2 protein chains.
Amino acid sequence: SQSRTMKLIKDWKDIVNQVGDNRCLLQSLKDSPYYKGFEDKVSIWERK
Amino acid sequence: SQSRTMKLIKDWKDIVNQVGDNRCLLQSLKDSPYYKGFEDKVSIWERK
């Protein structure tokens, strides 16, 4: 109403759906038998 | 004294000095200007 200007943020679903895809992709990586040698990077991206 | 047998562990300094070398090596990596793109693996090895 009074004259200010802020950078509001739109298109949220585009951002959130990528995050959901990445988390279910990590769950898909959790079923691999070679997960025991790569678990430590998965922990990073999990918490991130 | 009574007859048992356990695998006791010797040569400790050989193991510990490698750990000290690795921690001071990480500190040497902490002075690099390109540390901002590789900080996340350094956090892993730091806590480990």
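1. Here's the deal with the overall build of chain A
Logical step 1: Each helix and strand counted, chain A has 2 helices and 0 strands in total.
Logical step 2: In terms of overall dimensions, chain A has C-alpha extents of about 60 × 15 × 10 Å along its principal axes.
Logical step 3: Approximately 5300 Å² of chain A is accessible, and the part contributed by carbon and sulfur atoms is 55%.
Logical step 4: Positive and negative side-chain charges of chain A, numbering 10 and 7 respectively, have mean locations separated by a distance of 9 Å.

2. Comments concerning the layout of surface pockets
Logical step 1: Taken as a whole, the largest pocket holds about 210 Å³ of empty space.
Logical step 2: Around the largest pocket, the lining residues are A:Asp40, A:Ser43, A:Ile44, B:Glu39, B:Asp40, B:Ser43, B:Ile44, B:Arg47 and B:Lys48.
Logical step 3: Where the lining of the largest pocket is concerned, the elements lending two or more residues are helix 2 (39-47) of chain A together with helix 2 (39-47) of chain B.
Logical step 4: When residues in the lining of the largest pocket are grouped by element, the largest group, 5 residues, is from helix 2 of chain B.
Logical step 5: Taken together, B:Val19, B:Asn22, B:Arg23, B:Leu26, B:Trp45, B:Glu46 and B:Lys48 make up the full set of residues lining the second largest pocket.
Logical step 6: Tallying contributions element by element places helix 1 (residues 12-29) of chain B first for the lining of the second largest pocket, with 4 residues.
Logical step 7: The residue inventory of the lining of the second largest pocket, partitioned by class, reads 3 nonpolar, 1 polar and 3 charged.

3. Looking at unusual backbone geometry
Logical step 1: Even without being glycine, A:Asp11 reaches a positive phi, approximately 55 degrees.
Logical step 2: Inspection of the secondary structure assignment puts A:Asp11 in the segment before helix 1 (12-29).

Criteria and cut-off values
- Residues numbered from 1 in each chain as written, not as in the entry; some residues may be left out.
- Chains lettered and ligands numbered in written order.
- Part of a larger assembly, values for the part shown.
- Heavy atoms only, no water.
- Helix = DSSP H or I, 4+ residues; strand = E, 2+ residues; numbered from the N terminus.
- Areas by Shrake-Rupley, 256 points an atom, 1.4 Å probe, with all protein chains shown as cover.
- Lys, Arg positive; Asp, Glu negative; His and termini not counted.
- Charge placed at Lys NZ, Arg CZ, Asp CG, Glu CD.
- 1 Å grid on protein atoms, 1.4 Å probe; cavity = no way out; pocket = protein on both sides within 12 Å on 5 of 7 lines; lining within 4 Å.
- Points joined across faces, edges and corners; volume = space filled by probe spheres on them.
- Nonpolar A, V, L, I, M, F, W, Y, C, P; charged D, E, K, R; others polar.

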